[PDB]
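The structure tokens that follow cover one protein chain in two forms, given apart as structure 1 and structure 2.
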Structure 1
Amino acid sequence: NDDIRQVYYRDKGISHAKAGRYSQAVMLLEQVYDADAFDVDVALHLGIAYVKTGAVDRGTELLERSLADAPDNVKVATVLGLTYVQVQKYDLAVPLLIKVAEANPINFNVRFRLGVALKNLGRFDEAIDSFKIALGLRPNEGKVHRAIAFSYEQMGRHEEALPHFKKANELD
């Protein structure tokens, strides 16, 4: 039968998604995804693959349905949170990325994107906090020194900004 074939496309699809083979994931997972037999692992992996292959609205919507179906799933909160940052819905990204950072404290990208979201919302002290954690993870990331410098500057904290601007220029 096709049911066992179907199981094979599903797992291979999910595995393409996880490896960053996003086009191949879309090709496989479109053939398995079923909206009235909803499987959150397929939905979440096809969802991020859509966002990555340019079908941003279609993917966001699958990610949002995944969030409705599985409110505690950290993988969904990861891909949806980072997608909201990519589309500038900073509002909606913050709660999601906080929860993921609490669950995976050495996920650098999540911590950084949380800092970015907070910054763009004008929550500079919170932003700074997240940027210091991001620098503890990767002390030589130029982009974090630049973001934290800007955030300290926005608050009038020039003394604290200055070595971060010097470091971003050293790593440049």
Structure 2
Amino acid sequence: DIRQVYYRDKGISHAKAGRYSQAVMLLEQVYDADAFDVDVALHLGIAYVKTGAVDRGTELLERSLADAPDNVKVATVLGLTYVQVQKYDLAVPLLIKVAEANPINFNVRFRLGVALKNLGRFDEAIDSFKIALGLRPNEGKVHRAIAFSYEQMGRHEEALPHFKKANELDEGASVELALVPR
């Protein structure tokens, strides 16, 4: 058992550090679809995704979510991976739940917004981006993405201040802060 237990621990340790090739090498040796180990599948799944074995990765992740429906971390990376591969309709349901479940995860909220915007759900997108900007008011990329969503609905007045903020955030440092106490 001991060489197998070493490989599990070392493989997980590798997945956690970004040593994905090695994480695959070790954890393939110990993975078993027949007797589920959710730690092994999550980390091997991530590892497969990051080495370009995306279909095999997502499979492990889908199987892991099915088996532990409550695992926020599995849901998260599955959701985000589908956004990455432009499977937006799959991402959206996953990310909707994660965001409600982890309401300070800004990245999730932003990506949800991006997926919703790609699908042309301009209104829902705008809703998610506002929550996002409540979390991080000075993220230029949300201001830009929400301005584009508004613009597509013809809501130009609403877009404009966001277009301007995004541009000013690019240039850097906002001059008016010079007169705002901390």
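By convention here, residues take numbers in order along the sequence of structure 1, the first being 1. We call the rigid core the largest set of C-alpha positions that still match within 1.5 Å between the two forms.
- Looking at 121, 21, 74, 30, the entry at the hinge of the rigid-part motion between structure 1 and structure 2 is 74, while the rest lie more than 12 positions from any hinge.
- A two-part rigid-body description fits the chain between structure 1 and structure 2; in it the smaller part is rotated by 17 degrees against the larger.
- Once the two forms are overlaid on the core, residue 68 shows a Cα shift of 2.4 Å between structure 1 and structure 2.
- Aligning the rigid core leaves the CA of residue 40 displaced by 1.8 Å between structure 1 and structure 2.
- In the core-superposed comparison between structure 1 and structure 2, the CA atom of residue 16 travels 4.9 Å.
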